[PDB]
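The chain contents come next:
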Amino acid sequence: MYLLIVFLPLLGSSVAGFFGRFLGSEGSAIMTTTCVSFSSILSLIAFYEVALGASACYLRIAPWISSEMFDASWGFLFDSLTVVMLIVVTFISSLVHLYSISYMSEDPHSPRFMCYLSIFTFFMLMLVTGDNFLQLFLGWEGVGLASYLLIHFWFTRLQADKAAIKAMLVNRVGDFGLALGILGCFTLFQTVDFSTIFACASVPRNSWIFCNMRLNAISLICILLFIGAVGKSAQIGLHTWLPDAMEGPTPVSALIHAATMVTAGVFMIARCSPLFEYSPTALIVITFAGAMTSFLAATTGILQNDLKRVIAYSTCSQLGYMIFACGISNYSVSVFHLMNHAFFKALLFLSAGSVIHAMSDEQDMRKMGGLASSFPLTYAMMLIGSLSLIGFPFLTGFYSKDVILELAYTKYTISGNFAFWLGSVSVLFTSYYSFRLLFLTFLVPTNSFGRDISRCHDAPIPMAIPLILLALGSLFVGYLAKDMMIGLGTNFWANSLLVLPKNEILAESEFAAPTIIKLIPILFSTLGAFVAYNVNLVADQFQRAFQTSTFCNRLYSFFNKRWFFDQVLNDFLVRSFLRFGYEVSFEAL
Amino acid sequence: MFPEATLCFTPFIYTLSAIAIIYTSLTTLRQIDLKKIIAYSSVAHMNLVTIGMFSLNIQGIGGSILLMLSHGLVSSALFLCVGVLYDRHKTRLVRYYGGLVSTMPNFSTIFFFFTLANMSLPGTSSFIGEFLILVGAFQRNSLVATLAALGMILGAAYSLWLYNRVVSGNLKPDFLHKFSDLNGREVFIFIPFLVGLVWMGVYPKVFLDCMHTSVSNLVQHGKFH
Amino acid sequence: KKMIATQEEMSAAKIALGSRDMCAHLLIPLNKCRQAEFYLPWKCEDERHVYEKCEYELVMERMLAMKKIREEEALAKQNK
Amino acid sequence: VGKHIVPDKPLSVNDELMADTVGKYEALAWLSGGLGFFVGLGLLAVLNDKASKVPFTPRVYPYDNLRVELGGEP
Amino acid sequence: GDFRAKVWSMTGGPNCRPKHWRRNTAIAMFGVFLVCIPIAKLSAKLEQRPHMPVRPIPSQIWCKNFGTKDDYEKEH
Amino acid sequence: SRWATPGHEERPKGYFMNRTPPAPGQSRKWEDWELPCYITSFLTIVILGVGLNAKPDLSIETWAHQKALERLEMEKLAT
Amino acid sequence: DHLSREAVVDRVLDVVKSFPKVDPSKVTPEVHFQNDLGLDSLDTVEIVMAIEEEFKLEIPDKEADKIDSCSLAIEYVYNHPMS
Amino acid sequence: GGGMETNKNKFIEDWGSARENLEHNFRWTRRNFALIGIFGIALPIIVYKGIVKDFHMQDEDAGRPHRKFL
Amino acid sequence: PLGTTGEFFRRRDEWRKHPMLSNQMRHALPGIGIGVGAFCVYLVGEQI
Amino acid sequence: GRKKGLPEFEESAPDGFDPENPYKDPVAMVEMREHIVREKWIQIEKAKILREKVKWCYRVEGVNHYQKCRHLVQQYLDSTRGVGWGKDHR
Amino acid sequence: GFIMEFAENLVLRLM
Amino acid sequence: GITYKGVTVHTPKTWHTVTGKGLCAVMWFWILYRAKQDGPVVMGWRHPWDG
Amino acid sequence: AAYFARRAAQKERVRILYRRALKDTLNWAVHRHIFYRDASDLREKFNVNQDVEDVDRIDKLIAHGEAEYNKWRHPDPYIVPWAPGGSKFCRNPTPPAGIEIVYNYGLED
Ligand SMILES: CCCCCCCCCCCC(=O)SCCNC(=O)CCNC(=O)[C@H](O)C(C)(C)COP(=O)(O)O
């Protein structure tokens, strides 16, 4: 039954890809949805067996790469973290397949699309279930490939081709880092097996020669692995591909670049916590990176005009909260927040997709508005998702976000202080852009085209069902899973996660914090909502500045153009390599 | 035959191969002829092979041999793909092609598979040799392994750029307007290459089991401890 | 506040190393109940309250201890 | 899509490969200022020395700080 | 479009509406189930559960590898 | 209606490997290379799939594994 | 579905009728804006922008400057497949 | 109209043939001298010195003399 | 919409006074009434 | 023709090899190289067997692995220092 | 008789 | 739908309106209930073991 | 003539400049009621100079107006999704005409 979980989406993708000419759109929609849904049901059973039953499963198929001590194998590991990720991936994938059945119903090429969705699901399952670094690397590259294939699904569009190539190249830079880390792991421990490495990780103290420098081997390995995490989770270094990945169809944005694949870096840090716990330097680096990323994405998202762009920058900021939770040695909280984000962000992407479908593919919020009454169900879904995302009390996002902020406050270190400040201000920024989206899309007097209003329609049933299920999740999953995952002294994770005693801060965060510290998230969120209301409804001239002041205009541009990060990178790095390839290597030599 | 000289010249070989991988990959990036792109790719792959074999351990030599065989399959298949295109259209210039996915989907799929194999995608035969060579190099010199792992980034870049400029996009009917997908002979020709690539990629044990004793004795020759 | 749970009991109950503190003799029943009740939050409420009160007291004692040390930092400063 | 443009002039050497209102070095300067914000925040956190104002003593585990349970010599 | 009706693909091309798609879908579902039977048997044979579950679980019906790794000193 | 009304493609679009079908009732004429290549492929499958699984395992790893077991046994049982 | 010439005529003439200088008595589907209706060519630019919003089109700037009459706008809108 | 062969464009073929005959354009300029000095000589020497030092740093980490090379 | 240009554009926007396209801020908290009433009924029930 | 069974080799190092001057008995030199290779594979196979013990102790003992695997971890890490042809010479 | 036992013997003969 | 000077707006499906109203009503009730149950604890007035 | 054409080319520049300035006024305003005033104010800039007759001065004003547009231009202008640069542009295009598919290629005979 455990092999069926992993290989059912592969079977569905194979039938849709190799025999889609016999099934057509309808057959391929059914075949693929059934296989992923059955995998989801078996995943729920595995969660009952492994996490609730406290009975981990180990399955070894065959050796993959056996060369002396090098021991990469086709092996599967099912512990608590694994089944948590299994539920997230399979459930969101089943819902997204069901949604796509109706969302892509008028697209000419739906069978290829469904085959790609299923192959992505299979590679993600291979990623989260691997019992060694090499099977994990196979899953890493496979989800990279499927993401590339789905981003340029509309192959005639030049923007999509550029976006897909950019995503693959940024991910390869992370894969470089990840592969170097794996090489270091094998060199230090003479194995790539997770169980062996985690059993041995506390012993080594030796120094290594890396690029003519003497460094601590464990620290070097952990930083190299974190580079791959930075790639896959769109952190500060390698973040620019995520907003451009919105070129793919909306279901791809919901499933791939918001719920499952974009969180692979967080999952890998959590799975390797028994190794990362013996590198304080790497944890400091991770803390800083996650914090910087949350602030970067939050400030960039407040001026975006495209719905999908706003929701993608949200994802990037939320991924930063999850990375610094890991960097302050609180992995259970980061995984809890990952599971919580997979409900609200998937609800938000699918609700936005419903709006865009209803508005004849209009995506600019400046041509929307006055839509609350025309799309009641979609508006309600977007409200629920937004309230859960901003951390409205007792909703799903409230139970993890504020615990991360309280833990950062309790980390009495330089990087802990840095993360507390940045996450606190990012809360205000995210409240602002969430309510700005709600107000511009649904509540302001309409700025749309009459031809769009006169052709509107709300969700067909294969679209509304997943929206309802995700709304229910975004209301209740946090409260329902809080004690299990982060309850004081819980044994739910067993040996999947490791926190050394010296790093344990959860009690002191729940007990030694001034009551004020716990309220700043509500207060900043309220202030951001109020500022959004004033900017987007009672402001009739706070836009003259951007047309009369050079400094205010450049700042508007700075923030709308993502801090000029893509411009600077392309101007000084990509152009440099491209010019070398012709002018030096080829023409001078 | 000359283990002491082999030791003395190892930094020299490492430097030459690392320079070749970076410079030739970057030259590949700026080539405008199909066959010229596939031919330059082979220079980067063979110099990775040399790094592996001069690492002088099991991972290094095993990976060098496996990558030699895998390259022999993959580059041959890529030349066959370009030849399929040239036999019909009689041009090697990339600019004339484009949008071929809509007229030659079978060729497009096979071409994509061998493009992935040329990027050392895990699951393909070339990844086994590539990663085993990086393992062998890292245990001797971490800098040379670091320079050699840059190939993962550059080879992806040129392989995907080639594939998307040939197969993706729109047709250009002012250059090409008449098309034919693969006939039975071409499909059959491609089948054993696909089978071999997947077979070595997923279960390289059949090859490595027959090689270990010879590789081990090569690695040990000249020393008695 | 003296240690009650032995090493053998904590190992048999499989307590995460960071929850092997003075309050583990109450963590053991709480985790048994949590596992028996599928970790539902409206369940195990007495066990959880007792354990959390113990942990809160531990933190409070370490807060009072730090309050004493910080009022001797000042003694040193005003005598220098 | 519509009608691909067929060249009527000689192509340049770098035509295989061929961000509008801001300059190149100006964009570099704005981004450097943005990153200098993070640097200044880090230096401010250093100056804050939050580690020196922690309101609790460090935790002390039983059994010699769990020496044996953490892999030490029994 | 117009020329794409003369282009053969495995996935069926644009707007693929095979006449017998229901029967073909049923045949594909029967094939996937038949293929899944040996996979399930191999998985049950290969699964290793070192720990007895707290309550009875479905895998106990078909998997007989519960509590077998206790003597890890003899592992090879 | 897309689920209850059957599709319109009586026959698929295109021809597999772009060969026009033979005249009704007739069979496709095999090209000269087909039979030798197919027989070679069958013989390749048979030779590899049988001989590889039938040849003795003489790998150094397998011989050394059995040697390693008995040396750990001879040293464990004895002191 | 496409829009019928009649529908285009009606909605274009309604757009032109809303202009304050234009008197809603001499707007036929063949009137010229700077000859019959007494308008400056910046008014024409505004009317063309209004027609653009009315049918959700993005006319290229070269072609927008050519539209100077009701008939010219009517033919552009009915010949555009995305109107 | 007739044929699968591509309809050649004169400018595209001129561009391609110019690419194939670049060696006739090399002139030994100041820029070329700098580019060959930096990338053809200096950078390989720097990489070689890096690789050798890496081995020497390993040598001294193992309490061994510097390995002679070349 | 004082100038001729703004006046023309405001005249064209008359349809934006559509009854169910406008005053959407009153629809911003759907179910706020039913939820509060249900909470009140539950609270009264809890008294007994 | 080959008899059924695992390959058979001499347990002992060849008699005729002089470590002082190894290029003196060429036949003995070749035999000594093969014997050393076989001995090195026996050490690799020993480290692999010790790794299976750690793997299973981690898995079986869970959070108690630090105290339960300690001796197995020490044995495995000692066998891996100077194993095969990796980062250690002899 | 059995395919594989014959195949075992034949391979041994060829070696 | 209702037509106002050219632009026609279609009324939404009844079950869509009902589902949106009800799910939001459920959310508002859940927030109120949770606030009453465990809001004094987050405010810090009291502790969960108090009693 | 020539003075008529030279004056006509200037007129085109002014009419296109005004069209682009007006479309951008909507990008910075978003709400309709703010657009009304902003459009009225832009129209007043052009009207103040509407009556100039000197041709060199017209050229200088045109160049200044283009430079102003290019500096204060909205970084992220709105585009109709199917227009060039739009979010739907070149998605599922109709196939080109004139494409022939050949059968029975590369036979041994
Ligand atoms: C955000 C963007 C920034 C805003 C941009 C600001 C632009 C500057 C505003 C002023 C620009 C000028 O003075 S632009 C030049 C001033 N105008 C002239 O050329 C002289 C007038 N003569 C004519 O040709 C016509 O009256 C004409 C008015 C063209 C009507 O054309 P028609 O005969 O066809 O009706």
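Going by the header, the method for this PDB entry is cryo-EM, and the resolution given is 2.29 Å.

### Let's talk about helix α4 (residues 58-89) of chain B
Residues and elements named next belong to chain B. Its 32 residues place the ends of α4 46 Å apart at the C-alpha level, agreeing with the 46 Å of an ideal helix rising 1.5 Å per residue. Regarding α4, its N-cap is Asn57, as a side-chain oxygen of that residue lies 2.9 Å from the backbone nitrogen of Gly60 further along. Two residues or fewer past α4, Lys90 is found with a positive phi of approximately 55°.

### A closer look at the packing of aromatic side chains
On inspection of all chains with the given rule, the structure shows 94 aromatic pairs over all chains. Both rings, one in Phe70 of chain A and one in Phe186 of chain A, keep their centres 4.9 Å apart while their planes meet at 80°; by these two values the pair is edge-to-face. A residue pair is termed long-range when its members are at least 10 positions apart, and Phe70 of chain A in strand β2 (residues 70-78) and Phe186 of chain A in helix α6 (residues 158-189) qualify at 116 residues. An identical accessibility class is assigned to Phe70 of chain A and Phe186 of chain A; each is buried. Ring centres of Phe551 of chain A and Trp30 of chain D lie 5.6 Å apart, and the angle between their planes is 25°; this geometry places the pair in the stacked category. On the criterion of chain membership, the pair formed by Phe551 of chain A in helix α24 (residues 550-560) and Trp30 of chain D in helix α1 (residues 24-48) is interchain, its members lying in two chains. The class of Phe551 of chain A is exposed, set by a relative accessible area of 52%. An aromatic cluster is present here, built from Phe295, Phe429, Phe551, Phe558, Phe559, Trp563 and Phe564 of chain A together with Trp30, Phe37 and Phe38 of chain D joined pairwise through their rings. The aromatic ring of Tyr412 of chain A is capped on one face by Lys50 of chain D, whose charged end is 4.9 Å from the ring centroid.

### What to know about the interface of chain A and chain B
Each partner contributes to the interface: chain A provides 49 residues, whereas chain B provides 49 residues. Across the chain A/chain B interface, buried area totals approximately 4200 Å², and carbon plus sulfur atoms make up 75% of it. Taken together, chain A and chain B are joined by zero salt bridges. Viewed at the interface, chain B and chain A are joined by 13 residue pairs in polar contact. Elements supplying a minimum of two residues to the side of chain A that touches chain B: β1 (57-67), β2, α5 (133-151), α6, β3 (207-210) and α25 (565-583) of chain A. Here the element with the most residues in the side of chain A that touches chain B is α6 of chain A; it accounts for 14 residues. Counted by class, the side of chain A that touches chain B contains 34 nonpolar, 10 polar and five charged residues.

### Some words on the site of the ligand
By nearness alone, 16 residues border the ligand, and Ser41 of chain G together with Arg7, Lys11, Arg15 and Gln50 of chain M come closest of all. Nearby residues place the ligand at the junction of chains G and M. At 2.9 Å from an oxygen atom of the ligand is found a side-chain nitrogen or oxygen belonging to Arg7 of chain M. With respect to the ligand, the side chain of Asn49 of chain M contributes an N or O atom lying 3.3 Å from an oxygen atom. Protein chains bury 86% of the 850 Å² of accessible surface belonging to the ligand in isolation.

### What to know about the arrangement of the chains
Of all 37 pairs of chains sharing an interface, the pair with the highest contact count is chains A and B. Over all C-alpha pairs, chain B and chain G never come within contact, reaching a minimum spacing of 21 Å. There is a clear gap between chain C and chain I: no contact, and 18 Å between their nearest C-alpha atoms.

### What to know about the environment of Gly20 of chain L
Assignment of secondary structure puts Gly20 of chain L in helix α1 (residues 14-43). Sequence separation of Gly20 of chain L and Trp45 of chain L is 25 residues, and the distance between their C-alpha atoms is 36 Å. Filtering out sequence-adjacent residues up to four positions away, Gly20 of chain L remains in contact with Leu377 and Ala380 of chain A.

### Comments concerning the state of the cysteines
Residues and elements named next belong to chain C. A complete count under the given rule lists two disulfides over all chains for this structure. Paired through a disulfide, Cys23 and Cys54 show a sulfur-sulfur distance of 2.0 Å. One disulfide, between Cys23 and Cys54, carries an S-S torsion of -95° and so falls in the left-handed class. Of this pair, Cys23 sits in the loop between α1 (7-12) and α2 (24-36) while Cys54 sits in helix α3 (residues 45-79); the two residues are 31 residues apart in sequence, bridging distant segments of the chain. The same class applies to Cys23 and to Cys54, which are both buried. A sulfur-sulfur distance of 2.1 Å marks the disulfide that ties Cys33 to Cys44.

### As for the side chain of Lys53 of chain J
Secondary-structure assignment places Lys53 of chain J in helix α1 (residues 26-61). At 6.7 Å, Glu73 of chain E is the nearest oppositely charged side chain to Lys53 of chain J, a buried residue that forms no salt bridge. Here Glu75 of chain E takes part through its backbone oxygen, which lies 2.9 Å from a polar atom of the side chain of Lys53 of chain J. Excluding anything up to four places from it in sequence, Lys53 of chain J contacts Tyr72, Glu73, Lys74 and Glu75 of chain E together with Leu72 of chain J.

### Topic: empty space enclosed by the protein
Rolled over the atoms, a probe with the dimensions of a water molecule shows which regions are left empty. When its volume is computed, the largest cavity comes out at roughly 510 Å³. Lining the largest cavity are 35 residues, with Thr490, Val499 and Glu504 of chain A together with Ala16 and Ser19 of chain C positioned closest to its centre. Those elements that place two or more of their residues in the lining of the largest cavity are α15 (331-358), α20 (461-486) and α21 (506-511) of chain A, α3 of chain C together with α2 (65-68) of chain J. It is α15 of chain A that contributes the most residues to the lining of the largest cavity, three residues altogether. Partitioned by chemical class, the residues of the lining of the largest cavity number 19 nonpolar, 11 polar and five charged. Within this model, the second largest cavity holds a volume of roughly 180 Å³. Surrounding the second largest cavity, 17 residues form its lining, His45, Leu48, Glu130, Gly151 and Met152 of chain B being those nearest its centre.

### Topic: the nonpolar core
A general feature of soluble globular proteins is that nonpolar side chains tend to end up buried together. Counting residues in each nonpolar core, the largest one holds 428 residues, and the members touching the most others are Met268 and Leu275 of chain A. Counting residues per element, this core draws most heavily on α15 of chain A, which supplies 18 residues. Counting only domains with at least three residues in this core, you end up with domain 1 (279-539) and domain 2 (547-589) of chain A. Apart from residues no more than four positions distant in its own chain, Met268 of chain A is found in contact with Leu136, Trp140, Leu178, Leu225, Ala229 and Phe276 of chain A. Counting residues in hydrophobic clusters, the runner-up holds 49 residues, among them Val77 of chain G together with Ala39, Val80 and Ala83 of chain M.

### Notes on the pattern of salt bridges
Counting across every chain of the model gives 75 salt bridges over all chains. Among the ionic pairs, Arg544 of chain A bridges to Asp41 of chain M, the shortest N-O distance being 3.9 Å. Residue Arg544 of chain A is found in helix α23 (residues 544-548), and its partner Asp41 of chain M is found in helix α2 (residues 32-49); the two belong to separate chains. Residue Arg544 of chain A is classed as partly exposed on the basis of its relative accessible area, which comes to 39%. Residue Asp41 of chain M is classed as partly exposed on the basis of its relative accessible area of 33%. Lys48 of chain J is paired through a salt bridge with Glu45 of chain J; the nearest N and O atoms lie 2.9 Å apart. In this pair, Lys48 of chain J and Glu45 of chain J are both assigned in helix α1, three residues apart and thus about one turn of the helix distant.

### Quick notes on the side chain of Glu186 of chain B
Checked against the element boundaries, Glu186 of chain B lands in helix α8 (residues 184-202). Residues within four places of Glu186 of chain B in sequence aside, it is in contact with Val84, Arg88 and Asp181 of chain B.

### A closer look at helix α2 (residues 32-47) of chain I
The end-to-end C-alpha separation of α2 of chain I is 23 Å, in line with the 22 Å expected for 16 residues at 1.5 Å each. Along α2 of chain I, the residues classified as buried are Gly35, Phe39 and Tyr42 of chain I. Take α2 of chain I and look down its axis: the buried residues cluster within an arc of 65°, on one side only. Exposed residues lying more than 90 degrees from the buried face of α2 of chain I are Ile34, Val41, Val44 and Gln47 of chain I. Buried-residue contacts for α2 of chain I involve α1 of chain L.

Conventions we followed
- Residues numbered from 1 in each chain as written, not as in the entry; some residues may be left out.
- Chains lettered and ligands numbered in written order.
- Heavy atoms only, no water.
- Helix = DSSP H or I, 4+ residues; strand = E, 2+ residues; numbered from the N terminus.
- Expected span 1.5 Å × (residues − 1).
- Polar contact = N/O pair within 3.5 Å; in protein donor to acceptor, adjacent residues only side chain to side chain.
- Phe/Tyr/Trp six-rings, centres within 6.5 Å; stacked < 30°, edge-to-face > 60°.
- Buried < 20%, exposed > 50% of the residue type's maximum accessible area, 1.4 Å probe, protein only.
- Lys NZ or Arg CZ within 6 Å of the ring centre and 35° of its normal.
- Contact = heavy atoms within 4.5 Å.
- Buried area = accessible area lost by both parts, 1.4 Å probe.
- Salt bridge = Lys/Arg side-chain N within 4 Å of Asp/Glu carboxyl O.
- Nonpolar A, V, L, I, M, F, W, Y, C, P; charged D, E, K, R; others polar.
- Near = heavy atom within 4 Å.
- Areas by Shrake-Rupley, 256 points an atom, 1.4 Å probe, with all protein chains shown as cover.
- Disulfide = S-S within 2.5 Å.
- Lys, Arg positive; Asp, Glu negative; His and termini not counted.
- 1 Å grid on protein atoms, 1.4 Å probe; cavity = no way out; pocket = protein on both sides within 12 Å on 5 of 7 lines; lining within 4 Å.
- Points joined across faces, edges and corners; volume = space filled by probe spheres on them.
- Core = buried A, V, L, I, M, F, W, Y, C linked by side-chain atoms within 4.5 Å.
- Domains from an automatic or database assignment.
- Arc of directions from axis to C-beta.

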